[PDB]
């Protein structure tokens, strides 16, 4: 009887940050209430000033990470304001039935809906828009995110012992297919609808023009680099709603990795690089052992360094010469 369960309202935060939550559940099952507003907006995605009409949940690419526990209910109020031009919906890969909710959440501009579903399987899962007949256009315009369903007793290692993270970040990776003219220059459009047939042709090449973290080339660099300290335990949730990726922490490892994101399985240990299939979220746990700059990349290095799938960590603390040292510095 759901009416007797506690309700808790969560205010979401912008990726790559994650809303406050408890790893080990401090309450019984709850109805966890979220609200998201759909925003179609112009986004500049590279250093050249290339602009697309992005389709977003809550104004960001990716959409925000939602965090609940196994056997909580998720109640999502989804709002499509009348300033938008398209029909949207939402499909949760965490959910059972009705196309993940897509069949029940079709909202025209000026409409809203509220969906509830039970989070029966623990793991990180993709959510994305999926309107009939226009599914990849919405997804590849940025309309995807992820949801994490923690076990009620938190994460465990391969021997069943607790794993506790100190920090968590969410990296959404996005493949974009920006249409090009005859000579290879990117086209611009006044409205999302203008782009539609050119977008289909661009997608059918299967060759993205940009692959980015957090919605733009260089988004997770500089003042927006991810941070940690030596000794900190960090969980990085990574999603890709449409196309395979292979994350790698340059200078580190994935100590414990759930490449396909489902926590009832034991983690893979000591990974250099792992494959997250398109339409999946995964999670990697690492304890930092050295300070400095790290690069976190899709290790198709062309995708990383030419097309945009690279971010940075900046790590503070003490250098350990036992792990690595320069014996003879570069010299003639």
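By rigid core we mean the largest C-alpha set that fits within 1.5 Å across both forms. Positions refer to the first chain, counted from 1.
Between 114-122 and 175-183, the larger mean CA deviation from the shown form in 7 other deposited structures of this protein, after core superposition, belongs to 175-183. Taking 85-93 and 189-197 in turn, the stretch whose Cα atoms are more displaced from the shown form in 7 other deposited structures of this protein following rigid core superposition is 189-197. Taking the mean C-alpha B-factor of each stretch as recorded, 144-152 and 213-221 are not equal, and the higher mean is that of 213-221. The deposited model assigns a higher average Cα B-factor to 36-44 than to the other stretch when 281-289 and 36-44 are compared.
Looking at 78, 134, 168, 129, the one whose CA carries the top B-factor in the deposited record is 134. When the C-alpha B-factors of 61, 276, 302, 52 are ranked from the entry, the top spot goes to 52.
In the PDB entry, residue 73 places in the middle third of its chain by CA B-factor. Residue 92: CA B factor in the lowest third of modelled residues in this chain (values from the PDB entry). Residue-level temperature factors show residue 27 in the highest third of its chain, judged at the C-alpha atom.
Ranked within its chain, residue 256 lands in the lowest third, by CA B factor from the PDB record. The deposited CA B-factor of residue 172 belongs to the lowest third of values across its chain.
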